[PDB]
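In structure tokens, one chain follows: the form deposited in one PDB entry.
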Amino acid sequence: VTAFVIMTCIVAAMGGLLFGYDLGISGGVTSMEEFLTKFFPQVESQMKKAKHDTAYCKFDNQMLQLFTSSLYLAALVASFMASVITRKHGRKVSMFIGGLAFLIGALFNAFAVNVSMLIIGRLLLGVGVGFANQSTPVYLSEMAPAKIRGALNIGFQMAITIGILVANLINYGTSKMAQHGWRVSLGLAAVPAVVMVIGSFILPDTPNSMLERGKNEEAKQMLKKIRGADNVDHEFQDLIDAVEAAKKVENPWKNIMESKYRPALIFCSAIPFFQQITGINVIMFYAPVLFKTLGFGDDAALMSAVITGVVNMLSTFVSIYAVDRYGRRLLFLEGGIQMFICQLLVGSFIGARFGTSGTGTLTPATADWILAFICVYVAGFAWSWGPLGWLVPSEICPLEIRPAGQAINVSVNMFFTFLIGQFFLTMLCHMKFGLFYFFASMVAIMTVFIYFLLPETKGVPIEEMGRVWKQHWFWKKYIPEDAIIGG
């Protein structure tokens, strides 16, 4: 562990600011009537004097769903392109492309004069997220010393939560400008993108990719630099062994179906689906919608998003502290149990407060308790399925399929992020609290899935992770001894 590798990983992790900024900025921008008037006049007409309505609830027709979907579709496709570039040219090159596409997208948005420019900008944001999310977790998990890989990789998730929070605060400010507030909100996304582009110039690439691409002496000297030791022979032998196997595989997409990759393939596919079917991106807007329906105004709705965003960010530190000391499993298990219980409590609390009230409207105190329970659910996600959904796929793949497995992770993640968010929009917007019971049942399923099927990965050198699958009661049948590195 050196100061150079920690600074390297902090700078690289700032690639998560891009996706997080976009996740946090969009809600507040859609509620700005100047934005609606310019680009979505059919929505503006529905929102005029609709004191108890929320503008993104109106994005439920085919054309508006197409606009919303375009970011996730571009990200899903760009993720697959990033797998090829990340392997052939390096993790840094994909991080550069991600920052640059996001930067150009932010400018098209901020200076949009018609919806055509908004569509181009949104597609470019999606390209940026696809490249940034595909490549940055690979970068962190290869660069980090094995002992603290969890903590350093989760810097990426921390950056996501920082972007969400910062973006909500920016919308708080730009909502007060006399004019053009939405241009400032969408244009400030360029700031972390410029940081990411310049970072991609100055960062080194990973020794793992340098060696796979034939830069033998550069890779060894780089490993010595990030580990701060003249003798890296044991860990460099891991890289040599990983590249010897990896050089045999010209097309990872045509080999990822082989038995020896099956545990990795299952988890790279299942973890992103499970991460979204927690309901996180639905539940995170339940209280904002509730406060608006109760008459508390746009500012109270945004304030609950800021509160939720602070909890979301600060709770990430629990995973940073515990992930390498106590393990990924403990975090999955506690986080799933805590999320499950909070979903049961909020669902039954809302259901009960209508059968005991008498007046038909929830009180402010009741709304605050609903936000409180939701915040404990968000805290549980924020130290489990949030950070681990960007850590675990990046640390379980052999080198030759590591960019491809992380591309599966991103692309499945984008697909279900949109699908689940759109599918539940009407239930969210009509305050159908039964959704908490559905997501509770999914969280039960994924927690049992983890309990029986996820071997503990903490502290294992990334190229030696086959050792962990080989000792798992179920996955051991897929892993041949000859493929295992180290031991």
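In case it trips you up, residue 1 is the first one in the sequence shown, and so on. What we label the rigid core is the largest C-alpha set whose atoms superpose within 1.5 Å from one form to the other.
Colleague: Identify the stretch, either 155 to 163 or 256 to 264, whose C-alpha atoms have the larger mean B-factor according to the entry.
Modeller: Higher of the two, by average CA B-factor, is 256 to 264.
Colleague: Taking the mean of the C-alpha B-factors per stretch from the entry, tell me the winner out of 213 to 221 and 182 to 190.
Modeller: The deposited B-factors put 213 to 221 ahead on the C-alpha mean.
Colleague: Take the CA temperature factors straight from the PDB entry and tell me which of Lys248, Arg91, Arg329, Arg402 peaks.
Modeller: Highest CA B-factor of the listed options: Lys248.
Colleague: Per the entry, which of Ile226, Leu169, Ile148, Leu140 tops the list for Cα B factor?
Modeller: Among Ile226, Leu169, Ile148, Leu140, the PDB entry lists the largest C-alpha B-factor for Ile226.
Colleague: Can you tell me whether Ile396 has a C-alpha B-factor in the lowest, middle or highest third compared with the other modelled residues of the same chain?
Modeller: Lowest third.
Colleague: Looking at the temperature factor on the CA atom of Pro288, which third of the chain's modelled residues does it land in?
Modeller: CA B-factor rank for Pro288: middle third.
Colleague: Which third of the chain does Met446 land in by C-alpha B-factor: lowest, middle or highest?
Modeller: Tercile = lowest for this residue's CA B-factor.
Colleague: Which third of the chain holds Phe39 when residues are ordered by C-alpha B factor: lowest, middle or highest?
Modeller: For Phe39, the deposited C-alpha B-factor lands in the highest third.
Colleague: Sorting the chain's modelled residues by C-alpha B-factor, tell me whether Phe19 ends up in the lowest, middle or highest third.
Modeller: Its C-alpha B-factor belongs to the lowest third of this chain's values.
Absent from the display: the form deposited in another entry. The rest refers to it.
Colleague: Select from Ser357, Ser259, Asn216, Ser116 the only position whose Cα moves 2 Å or more between the shown form and the other one when the core is aligned.
Modeller: Everything else stays below 2 Å; the exception is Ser357.
Colleague: Would one find the Cα atoms of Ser357 and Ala367 closer or farther in that other deposited form than in this form, where their distance changes by 3 Å or more?
Modeller: Farther is correct, given that in that other deposited form the C-alpha spacing of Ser357 to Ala367 is increased by at least 3 Å.
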